[PDB]
Every structure is written in C-alpha cells, then in structure tokens.
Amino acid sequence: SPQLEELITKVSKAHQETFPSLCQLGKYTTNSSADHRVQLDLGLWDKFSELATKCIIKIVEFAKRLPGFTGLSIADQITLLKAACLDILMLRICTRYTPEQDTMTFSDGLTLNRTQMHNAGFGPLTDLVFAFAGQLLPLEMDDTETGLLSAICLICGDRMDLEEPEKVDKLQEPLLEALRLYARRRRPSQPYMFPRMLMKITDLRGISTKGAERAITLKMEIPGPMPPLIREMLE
C-alpha cells in the first residue's frame, strides 16, 4: 500500500511533466482553412505533424519514467512504444477537447476547430475522433487517471514480438491496481468508473487502427514522406 501510493504519485508526475493540462496552456488560433473542409491543408499538416513528432518524444520520456520500463529489454521498450504510441497520442489530443468551442488544443497552445482538425490530416476520421472525445467527458478523468490509463495502454503483454511478455504483464499489474484504488477513492459513489476507463482502451485501439488506415491514404496526399518518428510508430 505505501508502494502503490508512491507509484500513483510517480505516474501522475510523469504524465504532468510530459503533457500540460488544458488549463495550463496559453491558447492561440490560426485562420488557415477555418470555415470549409478540404482534402488537406498542407500548412496545417506541416504544423500538426511537427506537433505529433514532439509529442511522440514526450511519450517516450513518459514511458521511461514508469517504474520498471527501462528494466525491460531495449527491444521490448521499442516494441511497446511502437504498438501503443498512436493510442496514447489519440487519448492525449482527445483530453484537450473544449466542447463549448468544439476545438482541440496542442502542447504549444495551438487550438484548432473541428474543420481545421479535419484539414490538418484527420480527414474522414475527424468526426468519429471528436465523438470519442465527447464520450470521454462524462468520465471526468483527472490527470492522474489519464496518466495511469496511458501507462496501462503502453505496458501490455499481448503485443506481438515481445521477448519477455510475462515480465511486461507483471509490470502492468500494479498500474491496474493503482488506477482502481485511485478512481474509487476519488469518486466512491461511481463504482463503474474503473471498468468504464478500461473499456476505453478497446475504443482507443479501434481509433488507432483507423488512424493507421488514414495514414496510408494521407501519404498519397502529402508531397513528401511523413516525419521519421511518425514512420517509426506506423511500422
């Protein structure tokens, strides 16, 4: 129990230090392609993809702060990151949804409306991702819960090509314990919150599968290759 409390603190801090809260960011906007959907606005794609690269680096930094992660083989660290990074990216941007303005906010404060999210690359996946974001809201997750859920998504022993999947399973166990303890303590009158959170992982995987499908069509629409850390994620 003391060790589980320290794990909660450590994961919470790692998330906050690699992912600013919506409340913390100085929002700004752009007038690019703001009023009508187009196939792709290349200036918005260039900015979006740069922000995605930076957030991948942050997710790697977060991962290496999770207790035990750097005790895994470097190969298994890389396999886990490749398998989960798009899931965690999708979760992160959906936690930055402002329903009253129908916007999402990136880590530099860039705040895009739904049409701009579409035009920056989401394309035909846009409205389904905004609906996922919308349905995250009733859970009223806090940053500790988002951090723990992200860790659970990453540290999962079912990933293909792991060398030591039983070791990965054993690292996930206290994360699961920690999220249930935390979630029930915070909202004892809503005991379905922990299972609802875990079922969001399945939803995220479905959105990330659709995002990988979108990457294939977007590749045809952009003049050069995607950024190298994005290509790492997609392989």
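In this text, residue numbers run from 1 along the sequence as written.
Comparing the deposited coordinates for 95 to 103 and 144 to 152, the stretch with the larger average C-alpha B-factor is 95 to 103.
On average the C-alpha atoms of 156 to 164 have higher B-factors than those of the other stretch, with 70 to 78 and 156 to 164 being the two compared.
The residue among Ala34, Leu198, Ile59, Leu181 whose C-alpha carries the highest B-factor in the deposited model is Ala34.
In the PDB entry, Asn113 places in the middle third of its chain by CA B-factor. In this PDB entry, the Cα temperature factor of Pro174 sits in the bottom third of its chain's modelled residues, the lowest group. The PDB entry assigns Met193 a C-alpha temperature factor belonging to the middle third of its chain's modelled residues. Annotation for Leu137: CA B-factor lies in the highest third of the chain's modelled residues.
In the deposited entry, the Cα temperature factor of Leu44 places it in the middle third of its chain's modelled residues.
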